[PDB]
Amino acid sequence: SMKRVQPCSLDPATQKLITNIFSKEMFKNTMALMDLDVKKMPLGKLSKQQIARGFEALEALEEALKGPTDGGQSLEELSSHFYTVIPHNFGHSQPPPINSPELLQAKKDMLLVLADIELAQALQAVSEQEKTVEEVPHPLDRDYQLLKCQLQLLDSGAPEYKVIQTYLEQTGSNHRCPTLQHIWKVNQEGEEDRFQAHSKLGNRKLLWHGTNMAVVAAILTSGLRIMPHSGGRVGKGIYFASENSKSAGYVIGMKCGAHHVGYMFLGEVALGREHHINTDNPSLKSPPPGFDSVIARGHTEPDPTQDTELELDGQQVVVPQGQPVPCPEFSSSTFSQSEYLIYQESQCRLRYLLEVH
Ligand SMILES: C[C@H](NC(=O)CCc1nc2ccccc2c(=O)[nH]1)c1ccccc1
């Protein structure tokens, strides 16, 4: 017989969030923005095997880019294999050869996003328990439940609301700052325990992490992650910024009606003893011995004299509130704005999610 659909328990803002982060249109938009052939790679067809085969093909390119010339297959031939595994669309012209470190990392990053899209699809698979029960949750409750992540919408007068708003406003773009729509407190439990393990580290800061909308569901289910092919200017870690405007550059939003909707995280990061750098080092896989984080220091930093603190689970967590000011020691840094790196997933726990227009 027909199953009852129970009424949705979620507030309107949370329903919109849930709709957005599981939206098939959103996921396909994201694949189009990454030059993927959505006709050849429908969401239902995405598989862990294909994604692994994709990374294998990129691993062969990487070896060709580094270690020869030694009689291996040409970059063209190796590129062609990759494009067979992971179909791309360049207006049905031939896709281009993956013949630089930059392009190799860009393709690795594309596959990391695609892997989180596939995660979201796999998460939504209907269980046998669900086929047998005679009543089902509203689809949005079901999707929310799949995250195994508590989201609590804040209002204006929550203790931390003004602190968060100030952090956004003071360190966001001066001319056209993202407009704050909603903040949710994020409690992904089973993040709590591994995070407790760094309770000794006094130097905690609440930092920005901007992402593709297509990876928000994955992050809510599993936290911020370091994957085998993660990389960037400061190597294989989790990247954060103290300046919203830096992180905002990584937000991939979506046009909805007359607005552009984007999501940004704030994580509590146990930075411990910081190692400061002033030139790019893509080879890093941990801080130097004796250090707990690497901070690629920018020409500017939110003015430290305006820092405040929030008390999160009884630990003081620094929250910048100042506009960015120059840091003379780092005026010649290769970095305009700071990038904060950790190399263990346990050193971050998600605290807030912001919707910005
Ligand atoms: C490729 C994508 N990476 C990101 O979402 C990180 C984006 C990001 N990079 C930064 C770099 C320097 C400073 C700040 C940031 C940031 O806020 N986000 C990814 C990484 C792993 C799994 C799924 C997706």
Side-chain angles (χ1 to χ4, degrees), residues 21 26-27 30-31 33-36 46 48 51-52 54-55 58 86 102-123 167-168 171-173 178 205-253 262-269 271 277 280-282 284 293-302 320 324 333-345 348 350-354 356:
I21 73 175
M26 183 273 296
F27 286 130
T30 304
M31 294 171 65
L33 290 168
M34 299 183 308
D35 307 315
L36 299 181
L46 285 174
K48 287 165 176 67
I51 284 146
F55 280 114
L58 293 181
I86 304 294
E102 291 80 18
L103 192 43
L104 171 67
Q105 191 61 51
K107 296 288 155 204
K108 286 178 175 182
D109 287 355
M110 171 280 290
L111 271 187
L112 290 173
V113 174
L114 191 62
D116 283 356
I117 296 177
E118 190 286 328
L119 182 153
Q121 300 312 299
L123 190 60
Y167 194 10
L168 169 61
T171 76
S173 305
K205 187 172 278 175
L206 196 74
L207 293 166
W208 298 102
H209 186 86
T211 75
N212 271 262
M213 196 178 295
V215 309
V216 174
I219 294 168
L220 294 173
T221 70
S222 317
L224 303 179
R225 287 149 295 141
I226 306 172
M227 321 281 324
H229 291 295
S230 292
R233 299 180 66 185
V234 198
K236 190 180 160 200
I238 310 174
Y239 290 75
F240 304 83
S242 58
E243 303 185 32
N244 179 265
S245 64
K246 177 69 180 234
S247 283
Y250 301 88
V251 171
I252 305 183
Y263 296 104
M264 302 189 70
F265 288 99
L266 282 164
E268 178 190 336
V269 182
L271 290 172
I277 68 169
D280 299 35
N281 187 352
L284 284 171
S293 53
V294 175
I295 311 191
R297 285 295 302 279
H299 294 178
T300 57
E301 195 67 25
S333 179
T334 66
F335 294 87
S336 289
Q337 296 169 297
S338 292
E339 308 190 8
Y340 288 68
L341 279 290
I342 54 173
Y343 300 86
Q344 301 183 119
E345 292 172 354
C348 178
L350 301 169
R351 293 298 197 181
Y352 305 92
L353 179 59
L354 282 68
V356 291

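Just so you know, residue 1 is the first one in the sequence shown, and it goes up from there. Counting starts at 1 for both ligands and their atoms, in listed order. No hydrogens, no waters, no symmetry mates; every other heavy atom, side chains included, goes into these values.
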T211: numbered ligand 1 atoms lying under 4.0 Å from its heavy atoms: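 Matching atoms, with element in brackets: 5 (O).
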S247 neighbourhood, listing ligand 1 atoms whose heavy-atom distance to it stays under 4.0 Å: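 Within the 4.0 Å cut-off of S247, ligand 1 contributes 14 (C), 16 (C), 17 (O).
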Partner set under side chain to side chain contact (heavy atoms under 4.5 Å, CB included) for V113, not counting sequence neighbours: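 Scan of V113 (side chain to side chain contact (heavy atoms under 4.5 Å, CB included), adjacent residues dropped) gives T30, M34, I117, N212, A214, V215.
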From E243 atom CD to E301 atom CD, the distance as rounded to the nearest 0.5 Å: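 Taking CD in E243 and CD in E301, the distance rounds to 6.5 Å.
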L36 CG to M110 CE distance, which is reported to the nearest 0.5 Å: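 Rounded to the nearest 0.5 Å, the CG-CE separation comes out at 5.0 Å.
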Distance flag for atom 4 (C) of ligand 1, protein heavy atom under 4.0 Å: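 Given the 4.0 Å limit, the answer for atom 4 (C) of ligand 1 is no, no protein heavy atom qualifies.
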Shortest non-hydrogen contact between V356 and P178, atoms and distance: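 It is CB-CB, 3.8 Å.
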Side chain proximity check, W208 to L266, heavy atoms < 4.5 angstrom: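 Side-chain contact under 4.5 Å: yes.
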Ligand 1 contact by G210, heavy-atom criterion under 4.0 angstrom: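 So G210 counts as touching ligand 1.
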Nearest protein heavy atom with distance in Å, relative to [atom]:
atom                    : answer
atom 6 (C) of ligand 1  : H209 CE1, 3.8 Å
atom 13 (C) of ligand 1 : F240 O, 3.8 Å
atom 2 (C) of ligand 1  : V113 CG2, 4.5 Å

From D116, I238, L112, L119 - option closest to atom 19 (C) of ligand 1 by heavy atom: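 Comparing heavy atoms across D116, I238, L112, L119, the nearest one to atom 19 (C) of ligand 1 lies in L112.
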Mutual orientation of the aromatic rings belonging to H209 and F265 [parallel < 30°, tilted 30-60°, perpendicular > 60°]: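 Correct class here is tilted.
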